[PDB]
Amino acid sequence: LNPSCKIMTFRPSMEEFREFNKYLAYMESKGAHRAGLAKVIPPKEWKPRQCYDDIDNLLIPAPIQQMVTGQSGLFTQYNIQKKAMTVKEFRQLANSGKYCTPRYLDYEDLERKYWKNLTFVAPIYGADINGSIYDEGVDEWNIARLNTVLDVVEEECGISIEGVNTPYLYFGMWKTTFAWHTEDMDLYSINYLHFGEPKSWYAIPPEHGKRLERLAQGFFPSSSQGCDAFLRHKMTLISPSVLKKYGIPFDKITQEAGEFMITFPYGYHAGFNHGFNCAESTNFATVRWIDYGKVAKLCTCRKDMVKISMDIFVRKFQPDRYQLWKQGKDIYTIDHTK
């Protein structure tokens, strides 16, 4: 049990690291999910790719220029699509004087500069790129093939996962942002920083996520009246100063190159990149997630958001509740600590 709901860091030996599914069960048995986010540092011997040199030639089809509007810790973001770029040209852009990381003392100093400089030069994010850059044959923690409940349902029952268990690449530069959100259907996610500058994360315990939602509804009431789950648009920024002021419990942590971050069901998170970097991530599920997916609040203003039917999961893994659930009588409130 993790009663403070603080973000945990794990350093498994190679023997402990080999099987991701087993280690994830271990992390939750230590209460790691109560923070909504955890870090895993793999042993120094492990390498998902021997050489990153040829990633320079990888094409970024639709780089995103992030426009931020607002003031004093409350901002809305929108995106402007830019012309296709290779990684090499993106890296040179990121390291130019207009876009490079500012000088800083420590991560805390840099965090301050992030929140002070959001509304000046708009950073460009090479985000949401289909693909993986693991070497072929890496069997440990292969983001492209984790073999979780999502995969079992797709391969054995022939049910469309809607591409949420496929890998995505993120080429960041300084000040590029991911806004406050939980994952689609309130799924888990895993994120590996292949190389480059760090990525800083903010996390809200699942047991306090509703308080973040109430706070955001009061500060963005127009966004709120337009969509019940508007935070899923990933356009809402709220600074740690605002969260402290209104008593929202949260934690922060910086992910360095070579480290995994895992987000848990209904764990709100947000953050920013320190500089040029490259990350890979996917969504996944465990049996524990099923009760979250059954009550996840979905986006009601856009046509084809990611909506996965829960029927197969309840029928196969919750046989004792299936008919009650389809009857509308499977009433419960989630215990985020178990």
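In this text, the rigid core denotes the largest set of C-alpha atoms whose superposition between the two forms falls within 1.5 Å. Residue numbers run from 1 along the displayed sequence.
Relative to the displayed structure, the C-alphas of 298-306 lie farther away on average in 5 other deposited structures of this protein than those of the other candidate, with 27-35 and 298-306 compared after rigid core superposition.
Between 127-135 and 196-204, the larger root mean square Cα shift in 5 other deposited structures of this protein, once each structure is superposed on the rigid core, falls on 127-135. For the segment pair 156-164 and 191-199, the entry gives 156-164 the higher mean B-factor, averaged over Cα atoms. Higher average CA B factor: 68-76, of the stretches 68-76 and 95-103. Comparing C-alpha B-factors across 263, 236, 177, 222 in the deposited entry, the largest value falls on 222.
Highest CA B-factor among 173, 85, 118, 257, as stated in the entry: 85.
Per-chain ranking of the deposited C-alpha B factor places residue 136 in the highest third. Ranked by Cα temperature factor within the chain, residue 183 sits in the lowest third according to the deposited record. For residue 45, the recorded CA B-factor ranks within the highest third of the chain. Only modelled residues enter the ranking. Per-chain ranking of the deposited C-alpha B factor places residue 34 in the middle third. Ranked by Cα temperature factor within the chain, residue 293 sits in the lowest third according to the deposited record.
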